[PDB]
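Student: Before anything else, here's the structure in question.
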Amino acid sequence: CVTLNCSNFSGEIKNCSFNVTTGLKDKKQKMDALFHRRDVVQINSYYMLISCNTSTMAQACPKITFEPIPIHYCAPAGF
Amino acid sequence: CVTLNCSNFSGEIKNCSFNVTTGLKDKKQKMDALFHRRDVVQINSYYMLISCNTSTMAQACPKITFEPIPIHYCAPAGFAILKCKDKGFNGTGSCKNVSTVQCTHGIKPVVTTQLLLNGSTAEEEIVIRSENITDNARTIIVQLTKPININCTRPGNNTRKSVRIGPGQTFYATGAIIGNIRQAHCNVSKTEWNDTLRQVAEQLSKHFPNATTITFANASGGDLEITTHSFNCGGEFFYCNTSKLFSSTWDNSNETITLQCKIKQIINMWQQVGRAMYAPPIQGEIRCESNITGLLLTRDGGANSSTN
Amino acid sequence: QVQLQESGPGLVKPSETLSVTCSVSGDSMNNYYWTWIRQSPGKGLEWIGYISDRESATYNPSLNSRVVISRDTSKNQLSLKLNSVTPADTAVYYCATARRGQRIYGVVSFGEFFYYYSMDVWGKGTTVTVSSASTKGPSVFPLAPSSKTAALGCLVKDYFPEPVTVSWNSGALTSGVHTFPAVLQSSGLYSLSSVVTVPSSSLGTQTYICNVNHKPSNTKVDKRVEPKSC
Amino acid sequence: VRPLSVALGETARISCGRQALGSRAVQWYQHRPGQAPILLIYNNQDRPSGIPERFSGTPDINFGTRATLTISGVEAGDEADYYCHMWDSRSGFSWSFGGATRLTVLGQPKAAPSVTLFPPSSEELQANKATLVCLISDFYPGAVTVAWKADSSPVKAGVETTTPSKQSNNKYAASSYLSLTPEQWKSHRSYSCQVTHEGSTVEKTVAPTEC
Ligand SMILES: *[C@@H]1O[C@H](CO)[C@@H](O[C@@H]2O[C@H](CO)[C@@H](O[C@@H]3O[C@H](CO[C@H]4O[C@H](CO[C@H]5O[C@H](CO)[C@@H](O)[C@H](O)[C@@H]5O[C@H]5O[C@H](CO)[C@@H](O)[C@H](O)[C@@H]5O)[C@@H](O)[C@H](O[C@H]5O[C@H](CO)[C@@H](O)[C@H](O)[C@@H]5O)[C@@H]4O)[C@@H](O)[C@H](O[C@H]4O[C@H](CO)[C@@H](O)[C@H](O)[C@@H]4O[C@H]4O[C@H](CO)[C@@H](O)[C@H](O)[C@@H]4O[C@H]4O[C@H](CO)[C@@H](O)[C@H](O)[C@@H]4O)[C@@H]3O)[C@H](O)[C@H]2NC(C)=O)[C@H](O)[C@H]1NC(C)=O
Ligand SMILES: *[C@@H]1O[C@H](CO)[C@@H](O[C@@H]2O[C@H](CO)[C@@H](O[C@@H]3O[C@H](CO[C@H]4O[C@H](CO[C@H]5O[C@H](CO)[C@@H](O)[C@H](O)[C@@H]5O)[C@@H](O)[C@H](O)[C@@H]4O)[C@@H](O)[C@H](O[C@H]4O[C@H](CO)[C@@H](O)[C@H](O)[C@@H]4O)[C@@H]3O)[C@H](O)[C@H]2NC(C)=O)[C@H](O)[C@H]1NC(C)=O
Ligand SMILES: *[C@@H]1O[C@H](CO)[C@@H](O)[C@H](O)[C@H]1NC(C)=O
Ligand SMILES: *[C@@H]1O[C@H](CO)[C@@H](O)[C@H](O)[C@H]1NC(C)=O
Ligand SMILES: *[C@@H]1O[C@H](CO)[C@@H](O)[C@H](O)[C@H]1NC(C)=O
Ligand SMILES: *[C@@H]1O[C@H](CO)[C@@H](O)[C@H](O)[C@H]1NC(C)=O
Ligand SMILES: *[C@@H]1O[C@H](CO)[C@@H](O)[C@H](O)[C@H]1NC(C)=O
Ligand SMILES: *[C@@H]1O[C@H](CO)[C@@H](O)[C@H](O)[C@H]1NC(C)=O
Ligand SMILES: *[C@@H]1O[C@H](CO)[C@@H](O)[C@H](O)[C@H]1NC(C)=O
Ligand SMILES: *[C@@H]1O[C@H](CO)[C@@H](O)[C@H](O)[C@H]1NC(C)=O
Ligand SMILES: *[C@@H]1O[C@H](CO)[C@@H](O)[C@H](O)[C@H]1NC(C)=O
Ligand SMILES: *[C@@H]1O[C@H](CO)[C@@H](O)[C@H](O)[C@H]1NC(C)=O
Ligand SMILES: *[C@@H]1O[C@H](CO)[C@@H](O)[C@H](O)[C@H]1NC(C)=O
Ligand SMILES: *[C@@H]1O[C@H](CO)[C@@H](O)[C@H](O)[C@H]1NC(C)=O
Ligand SMILES: *[C@@H]1O[C@H](CO)[C@@H](O)[C@H](O)[C@H]1NC(C)=O
Ligand SMILES: *[C@@H]1O[C@H](CO)[C@@H](O)[C@H](O)[C@H]1NC(C)=O
Ligand SMILES: *[C@@H]1O[C@H](CO)[C@@H](O)[C@H](O)[C@H]1NC(C)=O
Ligand SMILES: *[C@@H]1O[C@H](CO)[C@@H](O)[C@H](O)[C@H]1NC(C)=O
């Protein structure tokens, strides 16, 4: 949740620039990224991810899939 | 845990100014708050929350209450709970009237020190129970037979302010209160207290010579929980100056008293170094009432025997 | 029968000491507090400060420590001193008693109470003007009654400053008295009038005399009103 | 200053400027122009001796209510300036008396003005001066235009007119002054004071050639 100095991508999608943290703490990371318009809002103009003032954002692992899998709900004996 | 440039509030309570973090990280939050003197210490002067160098502070959710609820501890089949229905029952030993149950009665987890509130009531005579009377190191616990009506009030009309040190991390602090700047206190009917204390002196003389003297004094030394009456009251933690209760002398033969009470928001009960909890503020003036049923007394120990 | 009487010069030069005296009458000065209140034209009445029974005076901090309030026990008078006065200090001065009320809402042990002051008894009030202009005495002229209920009066011409107290027969006639307000001419001087309604049969028998007093000029004029020679 | 206009006989309620902050003890003061200020209600609703029962305060039932001065049966004598003196624990010492509330009573019965023109006195003529005094008493509403007339032509020079002011009878009273010289007073045939009130006109005339 950093200040995102976003530029209009070459409009939805924005090409942003920001400062993060590297493997070190004092050493900061000057990096870029690309997101959608419904991902950040302004505060050129400076942007911030939408959920940074409401709910704790947490990235899901890139290994767990979200594809639905059939489930056969059962019941034990006596039911 | 930031540097708190506190100013003396218009003395306990301080009006502080500090820099936090907003929903953004680089965007910092210049905000204010209000706490008690036992919440921060200096390092005008700059202050810091007391537990920031010891145990990890963590605010409790404003949805989970701390009000005690009766618990009936049970036992499965093959096991049984035996209940001794003896009225005049010394704490341990044989019991002529034993009964069996599968569960206990309503037991409230009353997290309190010294004064036991909302506890069980003894029958007939005030029961005196101690693991060893002649050992001053053992804490003596009593069980009254007549419940009293004690009233503690925080007459400060506090307000809750919601800052956003997120994402998701919301913090509720104390803002500009309304009403009046009235410190916490409790009330005790001096007549019933004196009447109950006299019955205590008549019961303490059963473990001592007939013609003797019973002296009452305030707390000696230790933490503020050992010296002051710790208990909960609508969410806030109260700590009262019990010196006015314990200052009497009794031989063999309509107003109310008040006690100065303090409020602490950063609690470190059970002395667990590493973890801590913050009490969220409670809106409106707080008023709680209870029945004191037990007390945790302690002798002084080494002295000339049977004198005083 | 407590009566407060305001007495002052009515005209002081700028950057000088203003002295006002408040007289206590039908009671002592050791039972209640006393306070000064002024009312400037174009603004509301202003609370200046009070004095307690322990001879400890308290003033309003918005005066830059220029006000001094004192009280005498042998003469039963309340003095008011104001140094480095400005023309903005021109106001009607009232001295009133200060009654100390104690609003209690909680336990008295913790100081859970605040005191409030109310002014039950007030004074008549004097008019004080701060200006570098000099004083000027009034001119009392007896307005003779017409020959054709008759009406007579007295005319007070140009003077400075306000006010001017007008009475009839040294206060022996109060019915039908109507003292009209003065006018502010282009020269900067006031001129008022005062008439009284008397029956026509009283003309030629009663000795009507109007009394005019102007404290800033230190002049008290008594004029005998008589009809014309025709 | 906050204005307020209430008709006769209707129950009026004068609102308070500043609001309360905790346990309050409000004082309502009534001030007449030129007279001594008189408090009507002290401590919420407590009423001192002498104040009629038409005035009432607001109860301190632990907040929830606003300090208001209720005046039942508003008559002509209620026209004055009213101040609200709030005393709460948060604000501490309250020095200012709040914003002034100027109450004005409407619907009063009108009255014909009593005009009385007085010529300059004989002793004033000996002082080489002259002044025509035209007095206007007992008239409502307070809207009167004064016009001096020499013979038949009006004169705008030397005209000193006062603003109409209320007296004790709840009616207005005005006064006009015409500064002249003794030669100008003895030269004209007659002088007249024209007073216009609500369309009507009352005129008084004095002449040097009449006793
Ligand atoms: C734990 O222990 C604590 C310690 O013991 C305990 O703290 C106590 O808390 C309670 C509240 O819970 C406190 O009670 C308050 O007491 C205040 C003071 O009350 C006394 O004084 C008033 C005024 O009486 C005047 O006249 C008498 C003689 O006639 C004098 O002797 C007085 O001094 C006083 O004199 C005035 O003038 C002097 C000269 O100018 C001044 O110097 C002086 O300051 C005064 O201005 C009496 O009326 C009181 O009588 C009441 O109590 C007796 C019992 O003692 C009853 O029998 C009786 O019926 C009355 O109930 C008492 O003598 C009270 O002012 C206060 O009540 C007001 O405040 C509350 C809260 O803000 C309001 O909600 C409430 O509405 C009250 O406001 C009304 O009353 C005041 C009175 O001054 C008015 O100013 C106000 O405008 C308003 O009046 C208007 O409304 C009324 C209806 O609402 C109407 O009837 C009126 O006519 C008017 O229109 C409150 O009761 C107590 O002080 C604490 N301390 C102690 C030691 O007790 C704590 O509670 C305990 N905890 C628990 C859980 O128990
Ligand atoms: C020893 O025992 C005594 C007695 O058992 C303990 O005293 C208890 O203290 C606790 C505080 O520590 C109190 O909890 C509070 O109760 C308040 C009252 O709860 C009731 O009223 C609420 C409001 O309803 C009011 O209005 C309606 C309609 O006008 C009336 O019918 C009604 O009677 C009330 O006058 C209700 O909302 C509530 O459900 C109860 O019915 C509460 O105001 C307070 O919090 C309320 O609001 C919170 C914010 O939303 C909410 O989270 C709460 O759930 C609650 O709604 C709080 O709960 C006990 O009331 C009080 N008595 C009892 C019998 O428990 C004493 O504390 C104890 N000693 C120790 C050391 O623990
Ligand atoms: C944001 O980007 C614009 C465009 O390159 C640049 O002019 C501006 O200085 C940048 N601001 C910050 C704070 O990086
Ligand atoms: C990152 O920080 C550097 C210096 O600390 C600054 O020059 C740069 O503009 C920052 N980047 C953004 C996107 O603000
Ligand atoms: C967070 O910010 C957005 C836009 O600034 C706003 O719409 C939203 O209401 C904010 N969140 C909360 C909880 O107010
Ligand atoms: C702390 O507050 C005081 C009082 O306003 C001020 O003088 C001082 O500069 C402040 N210091 C910091 C570090 O904010
Ligand atoms: C917060 O930071 C700003 C600038 O970064 C500073 O001016 C201010 O004094 C800080 N506040 C405190 C309480 O130190
Ligand atoms: C933390 O600081 C306080 C006061 O500075 C001190 O009393 C306490 O001992 C410190 N904690 C530890 C673990 O030393
Ligand atoms: C046990 O109960 C009986 C009657 O139920 C009673 O008489 C007896 O005193 C009780 N025992 C004790 C030790 O109280
Ligand atoms: C209580 O008294 C009984 C008999 O008097 C005794 O057997 C028992 O040990 C006592 N309990 C304690 C804790 O002293
Ligand atoms: C209690 O402790 C004392 C030592 O202080 C000892 O002499 C006594 O026997 C103990 N009592 C019991 C019942 O064990
Ligand atoms: C406390 O400090 C804040 C800092 O801005 C100030 O606004 C406020 O008036 C002070 N007092 C209270 C009662 O909040
Ligand atoms: C506590 O408050 C209750 C309710 O007002 C009252 O009945 C009781 O007497 C009070 N007790 C004390 C000691 O104040
Ligand atoms: C109160 O305590 C005194 C001192 O021991 C005692 O004499 C008196 O009987 C007691 N009164 C009550 C009602 O308990
Ligand atoms: C206990 O009382 C004594 C005097 O009676 C006092 O000096 C001491 O500070 C008190 N202790 C506490 C913890 O209040
Ligand atoms: C408790 O009260 C006693 C006497 O009332 C006093 O000496 C002592 O200092 C008080 N303790 C505290 C912590 O205020
Ligand atoms: C607290 O203040 C609020 C706001 O004025 C008020 O509505 C409420 O009644 C007050 N409560 C108490 C207990 O003073
Ligand atoms: C306290 O005792 C009274 C009377 O014995 C009872 O009515 C009340 O319920 C008791 N309170 C609690 C919390 O048990």
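Top to bottom, those sequences are chains C, C', D and E. A prime marks a further copy of an entry chain.
Residues 126 to 135, 152 to 184, 188 to 223 (the authors' numbering) make up the first sequence, in order.
Residues 126 to 135, 152 to 184, 188 to 309, 312 to 321, 321A, 322 to 398, 411 to 465 (the authors' numbering) make up the second sequence, in order.
Residues 1 to 82, 82A to 82C, 83 to 100, 100A to 100P, 101 to 129, 135 to 216 (the authors' numbering) make up the third sequence, in order.
Residues 8 to 66, 66A to 66C, 67 to 95, 95A to 95C, 96 to 212 (the authors' numbering) make up the fourth sequence, in order.
Cβ coordinates follow ideal geometry from the N, Cα and C atoms, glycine included.
Residue 130 of chain D: beta carbon under 7 Å from a heavy atom of ligand 13?
Tutor: Coordinates for residue 130 of chain D are simply not present: the residues of chain D run from 129 and resume at 135.
Student: Verify the CB distance criterion: does C'/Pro313 have a CB-CB separation below 8 Å to chain C?
Tutor: With 8 Å as the cut-off, C'/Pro313 counts as an interface residue toward chain C.
Student: Relative to the alpha-carbon of residue 134 of chain D, which residue among D/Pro84, D/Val111 and D/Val24 has its alpha-carbon at the smallest distance?
Tutor: What the structure lacks is residue 134 of chain D: chain D is numbered 129, then 135, with the residues between left out.
Student: My output table needs one value for residue 97 of chain C': the three-state DSSP class, helix, strand or coil.
Tutor: An answer regarding residue 97 of chain C' cannot be provided, because it is not within the stretch 126 to 465 covered by chain C'.
Student: Using a Cβ-Cβ cutoff of less than 8 Å, which residues in the same chain neighbour E/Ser169 once the five nearest sequence positions on both sides are dropped?
Tutor: There are no such residues.
Student: Buried or exposed, going by whether 16 or more other CB atoms sit within 10 Å of the CB of C/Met201?
Tutor: Exposed is the call here.
Student: Listed from N- to C-terminal order along the chain, which residues in the stretch 18–32 of chain E have their beta-carbon within a distance smaller than 7 Å of any beta-carbon of chain C'?
Tutor: Residues passing the 7 Å Cβ filter: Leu28, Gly29 and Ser30.
Student: What residue does the beta strand (DSSP E) around residue 246 of chain D start on, and which one ends it?
Tutor: Residue 246 of chain D falls outside the range modelled here, since chain D spans only 1 to 216, and no answer is possible.
Student: Taking beta-carbon pairs under 9 Å, can you tell me which members of the stretch 411–432 of chain C' lie near chain D?
Tutor: Correct list: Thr415 and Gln417.
Student: For C/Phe134, which residues does DSSP report across the bridge?
Tutor: None, per the DSSP bridge assignment.
Student: Taking its Cβ as the centre, do 16 or more other Cβ atoms sit within 10 Å of E/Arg31, making it buried, or is it exposed?
Tutor: Buried, because 16 or more other Cβ atoms sit within 10 Å of the Cβ of E/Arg31.
Student: Tell me whether E/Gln34 is buried or exposed, calling it buried when 16 or more other Cβ atoms sit within 10 Å of its Cβ.
Tutor: The residue in question, E/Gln34, is buried, as its Cβ has 16 or more Cβ neighbours within 10 Å.
Student: Taking DSSP's pairing of strands, which residues face C'/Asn332 in a bridge?
Tutor: Answer is C'/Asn295 and C'/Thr415.
Student: Determine the direct distance from the alpha carbon of E/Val160 to that of D/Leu189, and round the result to whole angstroms.
Tutor: Their Cα atoms are separated by approximately 32 Å.
Student: Whole angstroms are fine: how far does the CA of C/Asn133 sit from the CA of C'/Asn325?
Tutor: Each residue's Cα considered, the two are about 55 Å apart.
Student: Taking 7 Å as the cut-off, is the CB of residue 71 of chain C' close to at least one heavy atom of ligand 17?
Tutor: Because chain C' in this structure spans residues 126 to 465, residue 71 of chain C' falls outside the shown range and cannot be described.
Student: Counting by C-beta, which residues lie closer than 7 Å to a heavy atom of ligand 18, in chain order?
Tutor: Answer in sequence order: C'/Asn262, C'/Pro291, C'/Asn293, C'/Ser447 and C'/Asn448.
Student: Is D/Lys214 close to chain E, meaning its C-beta is less than 8 Å from at least one C-beta of that chain?
Tutor: So, interface residue.
Student: Can you tell me whether C'/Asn332 sits near ligand 16, meaning its C-beta is under 7 Å from at least one heavy atom of the ligand?
Tutor: Result no, Cβ not under 7 Å from ligand 16.
Student: For the stretch 181–196 of chain E against the stretch 128–139 of chain E, are there 3 or more C-beta pairs whose distance is under 8 Å?
Tutor: With a cut-off of 8 Å, the stretch 128–139 of chain E and the stretch 181–196 of chain E count as touching, because enough Cβ pairs lie within range.
Student: Count the other CB atoms, across all protein chains shown, that sit within 10 Å of the CB of C'/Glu370; report buried if there are 16 or more and exposed otherwise.
Tutor: Result: buried.
Student: Starting from the C-beta of D/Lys117, find all residues in its chain whose C-beta is less than 8 Å away, skip the five residues before and the five after it, and write them out in chain order.
Tutor: Cβ within range, chain order: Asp144, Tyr145, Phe146, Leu175 and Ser203.
Student: Is it right to say C'/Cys228 is buried, meaning 16 or more other beta carbons lie within 10 angstroms of its own, or is it exposed?
Tutor: Under this definition C'/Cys228 is an exposed residue.
Student: For the stretch 32–63 of chain D, which residues have a CB atom closer than 7 Å to at least one CB atom of chain E, in sequence order?
Tutor: The residues in question are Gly44, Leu45, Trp47 and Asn60.
Student: Using only the alpha-carbon positions, how far apart do C'/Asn197 and C'/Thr265 sit?
Tutor: Those two C-alpha atoms are separated by around 43 Å.
Student: Please confirm if D/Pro167 has its CB atom under 8 Å from at least one CB of chain E.
Tutor: Chain E contact via Cβ: present.
Student: Measure the CB-CB distance between residue 220 of chain E and D/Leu80 and report whether it falls below 8 Å.
Tutor: Since the first and last residues shown for chain E are 8 and 212, residue 220 of chain E lies out of range.
Student: Tell me whether the beta-carbon of C'/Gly263 lies closer than 8 Å to the beta-carbon of C'/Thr450.
Tutor: The answer is yes: Cβ separation under 8 Å.
Student: Output yes or no for whether 8 Å exceeds the beta carbon distance between D/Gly10 and C'/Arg327.
Tutor: No; because the gap between Cβ atoms is not below 8 Å, this pair is not in contact.
Student: Would the beta-carbon of E/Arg9 fall within 8 Å of that of E/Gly100?
Tutor: It is a contact, given that the beta carbons lie within the stated cut-off.
Student: Using a beta-carbon distance below 8 Å, is D/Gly98 in contact with chain C'?
Tutor: Closer than 8 Å: no.
Student: Can you check DSSP and say which residues form a bridge with E/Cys194?
Tutor: Answer by DSSP bridge pairing, in chain order: E/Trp149 and E/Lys205.
Student: Taking CB distances under 8 Å as the criterion, tell me whether D/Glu16 reaches chain C'.
Tutor: With 8 Å as the cut-off, D/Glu16 does not count as an interface residue toward chain C'.
Student: Below 7 Å, is the gap between the Cβ of C'/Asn339 and the nearest heavy atom of ligand 14?
Tutor: At least one heavy atom of ligand 14 is nearer than 7 Å to the Cβ of C'/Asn339, so yes.
Student: Can you check whether the C-beta of E/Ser95 is within less than 8 Å of a C-beta belonging to chain C'?
Tutor: Taking Cβ atoms only, chain C' never reaches closer than 8 Å to E/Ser95, which makes this a no.
Student: Would C'/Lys171 pass as an interface residue toward chain C - the criterion being a Cβ-Cβ separation below 8 Å?
Tutor: C'/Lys171 does not count as touching chain C.
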